[PDB]
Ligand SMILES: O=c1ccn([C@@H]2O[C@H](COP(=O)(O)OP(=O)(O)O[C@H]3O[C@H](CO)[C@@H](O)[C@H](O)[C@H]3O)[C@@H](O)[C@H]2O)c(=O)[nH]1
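In the block that follows, a single chain appears as structure tokens, in the form solved without this ligand.
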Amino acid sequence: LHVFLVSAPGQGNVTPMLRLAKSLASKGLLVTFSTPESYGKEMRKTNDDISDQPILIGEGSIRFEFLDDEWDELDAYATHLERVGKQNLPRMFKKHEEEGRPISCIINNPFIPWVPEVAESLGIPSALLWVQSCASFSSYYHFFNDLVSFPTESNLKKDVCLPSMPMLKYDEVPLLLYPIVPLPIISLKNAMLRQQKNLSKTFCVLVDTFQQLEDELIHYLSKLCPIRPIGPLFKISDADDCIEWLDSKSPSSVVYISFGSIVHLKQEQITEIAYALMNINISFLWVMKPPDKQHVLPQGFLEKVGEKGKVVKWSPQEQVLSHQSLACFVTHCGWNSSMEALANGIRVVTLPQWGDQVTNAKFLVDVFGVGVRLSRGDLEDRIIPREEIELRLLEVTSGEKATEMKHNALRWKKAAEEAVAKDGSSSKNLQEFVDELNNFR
């Protein structure tokens, strides 16, 4: 069968889709991957084996057919892209009809929510790849459908009681739904809400989580909405100095610090982390991506810290997280990174910034039981002073509850491995998706 996975541009939407693609191909399908060509050429330079002809995976194949951007020159770009996509996609699609390749399904992610309008037009089924938590999905669903009270301009600090979810404070709901947002991400709140509008065009929502993580909610949510938990995707389908340096340390001794490829902190926040690390003489591996302007450390930092500390510009993070030397993971709590902590059994120190990170942070600490809270996200707008950073790091590594949180972390590691086992929840869900596609045939 032929499925067509078009993703909005940008790292955090293209990579989760590719992971899905590689796994649908491994089950024999013919998976075409599309993205805006303006993002495609940059995809061509960084990675090879993508500028070419099909790539073979298992009994399946993956091809790339980048949507013609006609963009050579964000809210201006979102408009342009939608009109050009709605004009180009259908003949791209029929070129496969002419050539004997009738497309059996179209999968998008929520940051091109007009795609299912296309799929309805040309009679091709539409599926949605949701890359955030299921709490995040339920939040948007209950917001768009006005099913539960959320904070408003008139009551900005209101609490939110979603079903089969803990109470969320006003600043714990995903920030795209909070009323006071910058104009840049009004265009992101718009896309989310359009996707909830176009959910009625969509027959299946594939969620990058696993049943046991959000079990009671997925059972509630699935009666209203067609959710299939299929994650974590990074587990399903896949700096020597980093791992070499890590092998030299004792087990459960390195504080790992990484805020993913997008989050740049304020310099003042960087300075308080650095002095905290220095003050408590902990081992640490700190990823400081260079751009924004490039951070600077305290004078003599590298020297004073010594063999305990190591700052890198890039990390093999999936390899780093599985390493036994890690004592904990200071993280921005993006969903993929939160799952990566869970799957690998490592405690978190939550420093959420924007978006769903404030929701993931709450769940990491107060639901999943795998770490401590260091900040509350962008609406706090306070620099987390060194004293508190030192406090949480000792809490997460030697405090009264530190081995309790290690225990929860390992039980979630265990549960994540079962979801993707041959007979696990997520493997089954992805098979039944593939089944429904065949029974469309």
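Here the rigid core means the biggest group of C-alpha atoms that line up within 1.5 Å when the two forms are laid on top of each other. Numbers follow the displayed sequence, beginning with 1.
Missing here is the form deposited with this ligand bound; even so, the following discussion is about that form.
Among 237, 269, 212, 261, the residue placing a heavy atom within 4.5 Å of this ligand in the entry with it bound is 261.
Proximity to this ligand in the entry with it bound, defined as a heavy atom within 4.5 Å, holds among 198, 337, 283, 344 only for 337. For this ligand in the entry with it bound, the listed stretch (329-337, 243-251, 91-99, 203-211) containing residues with heavy atoms inside 4.5 Å is 329-337. At the 4.5 Å threshold, heavy atoms of residue 325 stay clear of this ligand in the entry with it bound, well away from it. Although the partner is absent from this view, residue 13 contacts this ligand in the entry with it bound, with a non-hydrogen atom inside 4.5 angstroms. Within 4.5 Å of any heavy atom of this ligand in the entry with it bound lies no heavy atom of residue 350. Not displayed here, this ligand is kept clear of residue 126 by more than 4.5 Å at the level of heavy atoms in the entry with it bound. Per-residue Cα shift between this form and the one not shown after core alignment stays below 2 Å for all of 43, 384, 372, 415 except 43.
Residue 399: CA moves less than 2 Å between this form and the one not shown after rigid-core fitting.
A displacement of 2 angstroms or greater separates the C-alpha positions of residue 96 between this form and the one not shown, with the rigid core held in common.
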